[PDB]
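Q: upload-v7.txt is reproduced in full below (compact mmCIF, C-alpha atoms).
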```
# COMPACT_ATOMS: atom_id res chain seq x y z
CA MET A 1 -1.42 17.46 -0.37
CA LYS A 2 1.15 14.72 0.34
CA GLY A 3 3.98 16.41 2.32
CA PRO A 4 2.41 16.26 5.79
CA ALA A 5 1.51 12.55 5.35
CA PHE A 6 5.16 11.80 4.43
CA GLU A 7 6.30 13.96 7.38
CA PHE A 8 4.13 11.89 9.75
CA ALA A 9 5.12 8.59 8.11
CA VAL A 10 8.89 9.14 8.41
CA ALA A 11 8.67 10.15 12.09
CA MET A 12 6.44 7.15 12.87
CA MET A 13 8.71 4.64 11.15
CA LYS A 14 11.82 6.08 12.84
CA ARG A 15 10.33 5.64 16.35
CA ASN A 16 8.15 2.53 16.02
CA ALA A 17 9.05 0.41 12.95
CA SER A 18 11.64 -2.34 12.47
CA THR A 19 12.68 -4.98 9.93
CA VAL A 20 11.70 -8.54 10.87
CA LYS A 21 12.66 -11.92 9.43
CA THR A 22 10.66 -15.05 10.13
CA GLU A 23 10.90 -18.47 8.46
CA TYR A 24 8.33 -17.20 5.87
CA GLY A 25 10.17 -14.06 4.75
CA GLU A 26 11.12 -10.50 5.59
CA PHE A 27 8.56 -7.95 6.80
CA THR A 28 8.13 -4.43 8.08
CA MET A 29 6.95 -4.58 11.74
CA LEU A 30 5.20 -1.78 13.65
CA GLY A 31 5.45 -1.57 17.45
CA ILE A 32 2.21 -0.30 19.00
CA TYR A 33 2.63 -0.08 22.80
CA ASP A 34 4.55 -1.78 25.63
CA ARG A 35 6.15 -4.87 23.95
CA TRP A 36 3.24 -5.54 21.54
CA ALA A 37 3.88 -5.22 17.79
CA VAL A 38 1.93 -6.18 14.67
CA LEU A 39 2.78 -8.28 11.59
CA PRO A 40 0.80 -9.62 8.63
CA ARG A 41 -0.69 -12.99 9.58
CA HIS A 42 1.26 -14.74 6.80
CA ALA A 43 4.57 -13.76 8.51
CA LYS A 44 3.74 -16.63 10.90
CA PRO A 45 6.31 -15.70 13.58
CA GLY A 46 7.88 -18.61 15.49
CA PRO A 47 9.29 -18.55 19.04
CA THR A 48 12.26 -16.41 17.83
CA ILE A 49 12.33 -13.69 15.17
CA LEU A 50 15.17 -11.65 13.70
CA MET A 51 14.46 -7.99 14.54
CA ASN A 52 16.88 -5.55 12.87
CA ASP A 53 19.30 -8.51 12.34
CA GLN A 54 19.21 -9.56 16.04
CA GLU A 55 17.51 -12.60 17.60
CA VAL A 56 14.48 -11.68 19.72
CA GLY A 57 12.18 -14.09 21.55
CA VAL A 58 8.41 -14.05 21.10
CA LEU A 59 6.57 -14.34 24.42
CA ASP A 60 3.07 -14.45 22.95
CA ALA A 61 1.33 -14.20 19.57
CA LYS A 62 -2.33 -13.66 18.60
CA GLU A 63 -3.74 -14.28 15.12
CA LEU A 64 -6.65 -11.83 15.07
CA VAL A 65 -10.18 -12.70 14.03
CA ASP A 66 -13.45 -10.79 14.27
CA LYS A 67 -16.16 -11.84 16.80
CA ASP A 68 -17.76 -13.82 13.90
CA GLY A 69 -14.46 -15.74 13.40
CA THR A 70 -13.51 -14.05 10.11
CA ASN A 71 -9.81 -13.61 9.39
CA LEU A 72 -8.34 -10.11 9.84
CA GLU A 73 -4.88 -11.03 8.39
CA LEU A 74 -3.02 -9.57 11.40
CA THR A 75 -0.86 -11.17 14.06
CA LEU A 76 -0.09 -9.33 17.29
CA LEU A 77 3.15 -10.45 18.93
CA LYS A 78 4.77 -9.70 22.28
CA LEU A 79 8.55 -9.35 22.17
CA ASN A 80 11.06 -10.54 24.74
CA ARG A 81 12.93 -7.22 25.05
CA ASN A 82 13.37 -4.69 27.88
CA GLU A 83 12.70 -1.59 25.75
CA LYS A 84 9.05 -0.58 25.38
CA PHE A 85 7.57 0.88 22.21
CA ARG A 86 6.32 4.45 22.15
CA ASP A 87 2.56 4.14 22.72
CA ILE A 88 0.95 5.00 19.35
CA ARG A 89 -2.59 3.72 20.08
CA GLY A 90 -3.82 7.33 19.97
CA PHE A 91 -2.86 7.44 16.26
CA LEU A 92 -5.15 4.46 15.47
CA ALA A 93 -8.73 5.08 14.35
CA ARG A 94 -11.66 3.49 16.20
CA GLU A 95 -13.31 2.55 12.89
CA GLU A 96 -12.13 1.98 9.30
CA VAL A 97 -10.99 5.26 7.73
CA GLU A 98 -11.05 6.22 4.06
CA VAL A 99 -8.67 8.98 2.89
CA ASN A 100 -7.89 10.81 -0.35
CA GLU A 101 -4.11 10.77 0.30
CA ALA A 102 -2.18 7.96 2.00
CA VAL A 103 1.47 6.96 2.16
CA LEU A 104 2.71 3.38 2.40
CA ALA A 105 6.01 3.01 4.30
CA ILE A 106 8.20 -0.08 3.78
CA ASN A 107 11.43 -0.94 5.57
CA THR A 108 13.16 -4.23 4.82
CA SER A 109 16.61 -5.17 3.53
CA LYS A 110 15.04 -5.35 0.02
CA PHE A 111 13.08 -2.06 0.32
CA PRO A 112 15.02 0.09 2.83
CA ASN A 113 13.34 3.32 4.03
CA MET A 114 10.90 3.57 1.11
CA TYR A 115 7.69 5.60 1.05
CA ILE A 116 5.01 5.35 -1.66
CA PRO A 117 2.26 7.91 -2.27
CA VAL A 118 -0.66 5.52 -2.87
CA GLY A 119 -3.44 8.11 -3.27
CA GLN A 120 -7.01 7.22 -2.35
CA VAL A 121 -7.82 4.46 0.15
CA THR A 122 -11.18 2.68 -0.16
CA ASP A 123 -12.76 0.44 2.47
CA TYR A 124 -13.73 -2.78 0.64
CA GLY A 125 -14.68 -4.60 3.86
CA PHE A 126 -15.21 -8.30 3.25
CA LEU A 127 -12.88 -9.67 0.50
CA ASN A 128 -11.40 -13.01 -0.56
CA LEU A 129 -7.57 -12.88 -0.13
CA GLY A 130 -6.11 -15.90 -1.98
CA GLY A 131 -8.89 -18.27 -0.92
CA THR A 132 -9.31 -16.84 2.62
CA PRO A 133 -12.37 -14.66 3.41
CA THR A 134 -11.00 -11.53 5.14
CA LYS A 135 -12.68 -8.38 6.43
CA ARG A 136 -11.78 -4.72 7.12
CA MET A 137 -9.74 -4.59 3.92
CA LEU A 138 -8.44 -1.20 2.78
CA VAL A 139 -7.62 -0.99 -0.92
CA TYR A 140 -5.45 1.42 -2.93
CA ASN A 141 -3.87 1.50 -6.39
CA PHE A 142 -0.31 0.19 -6.18
CA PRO A 143 2.01 -1.66 -8.61
CA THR A 144 2.59 -4.24 -5.88
CA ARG A 145 5.65 -6.44 -5.40
CA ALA A 146 6.26 -9.17 -2.80
CA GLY A 147 8.44 -8.24 0.20
CA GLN A 148 6.25 -5.20 1.00
CA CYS A 149 3.99 -6.94 3.54
CA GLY A 150 3.98 -5.37 6.97
CA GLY A 151 4.21 -1.98 5.24
CA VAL A 152 2.48 0.69 7.26
CA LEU A 153 -0.32 2.65 5.60
CA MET A 154 -0.60 6.20 6.96
CA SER A 155 -2.24 9.55 6.42
CA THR A 156 -1.56 12.86 8.18
CA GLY A 157 -1.81 12.04 11.89
CA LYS A 158 -3.18 8.47 11.49
CA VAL A 159 -1.86 4.93 11.14
CA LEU A 160 -4.55 3.37 8.95
CA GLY A 161 -3.43 -0.18 8.39
CA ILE A 162 -0.85 -2.84 7.64
CA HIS A 163 -0.09 -3.95 4.07
CA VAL A 164 -0.95 -7.66 3.68
CA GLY A 165 -1.15 -8.28 -0.06
CA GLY A 166 -1.23 -7.13 -3.63
CA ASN A 167 -2.15 -8.34 -7.10
CA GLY A 168 0.17 -6.12 -9.20
CA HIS A 169 -2.49 -3.39 -9.59
CA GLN A 170 -4.07 -2.89 -6.15
CA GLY A 171 -2.56 -3.18 -2.67
CA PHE A 172 -4.45 -4.39 0.39
CA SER A 173 -4.15 -3.33 4.04
CA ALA A 174 -5.77 -4.75 7.13
CA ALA A 175 -7.28 -1.83 9.06
CA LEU A 176 -5.38 -1.24 12.32
CA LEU A 177 -8.23 -0.47 14.75
CA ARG A 178 -7.62 0.89 18.26
CA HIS A 179 -9.74 -1.72 20.10
CA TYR A 180 -7.37 -4.50 18.93
CA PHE A 181 -4.95 -3.14 21.60
CA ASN A 182 -7.25 -2.89 24.65
```
Would you mind giving the structure from this file in structure tokens?

A:
Amino acid sequence: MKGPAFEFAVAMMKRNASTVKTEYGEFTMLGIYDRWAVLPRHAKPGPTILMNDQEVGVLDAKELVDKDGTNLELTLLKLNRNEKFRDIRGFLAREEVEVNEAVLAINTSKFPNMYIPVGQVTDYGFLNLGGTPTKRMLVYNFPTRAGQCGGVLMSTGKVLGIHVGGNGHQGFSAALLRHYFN
């Protein structure tokens, strides 16, 4: 069923998600713990971002790659703000998870407070995303539109990944693994 996934998704977004603008567009951003949040790599945050229409400094940013050097399509960023995020690392899986029912949550000025039942999530692993070899790719059927990147892919009790791309038929998430936030 879908209800409990939506229930989890709405509560998660309310506590931990925000709308972010960089020079490269507008994205959903998920806070993970302390002042560390995650964005799609192609958001390419500069020294300042707009977070819920307010200027926020970036203290540090990390474009994640695997131990082999392969792109993961995620950027971790540390925000210059006093408030800490609710620690949601316990809702991240230690390995890539496949599910029969997932929900994708988007929150930007173009897609405010929207949730999409995406159905089955399949771990495709190593893929080529627009020329760039990328691994730990989760794939789901989705009539994708631009402006949805940073979307948070969830199932009941788990944050599975961050939406980083689409081709109009499938959507693609980078798996959000717990060890990224050691």

Q: If you count all atoms listed in the file, which residues fall within 10 Å of residue 127 (chain A), apart from same-chain ones fewer than 5 positions away, as a PyMOL selection string?

A: chain A and resi 132-138+172

Q: Env of residue 44 (chain A): 8 Å cut, atoms = only C-alpha atoms, seq-sep filter 2 positions within chain, self excluded. Answer as a short mmCIF file (atom, residue, chain, number, x, y, z; two decimals) with C-alpha atoms, keeping the file's coordinate frame.

A:
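The new file around15.cif reads:
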```
data_model
loop_
_atom_site.label_atom_id
_atom_site.label_comp_id
_atom_site.auth_asym_id
_atom_site.auth_seq_id
_atom_site.Cartn_x
_atom_site.Cartn_y
_atom_site.Cartn_z
CA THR A 22 10.66 -15.05 10.13
CA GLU A 23 10.90 -18.47 8.46
CA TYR A 24 8.33 -17.20 5.87
CA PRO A 40 0.80 -9.62 8.63
CA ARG A 41 -0.69 -12.99 9.58
CA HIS A 42 1.26 -14.74 6.80
CA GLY A 46 7.88 -18.61 15.49
CA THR A 75 -0.86 -11.17 14.06
#
```

Q: Name all residues at most 7 Å from region 56-68 of chain A (count only C-alpha atoms; drop same-chain ones fewer than 3 positions away) and give them as a ChimeraX atom specification.

A: /A:41,47-51,71-80

Q: To one decimal in Å, tell me the separation between CA of residue 121 (chain A) and CA of residue 155 (chain A).

A: 9.8 Å

Q: Which residues are near residue 9 (chain A)? Cut-off 8 Å, all atoms listed in the file, ignore same chain within fewer than 6 positions. Put them as a list in words.

A: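 Residues near the query, excluding close chain neighbours: residues 103, 105, 154, 155 and 156 of chain A.
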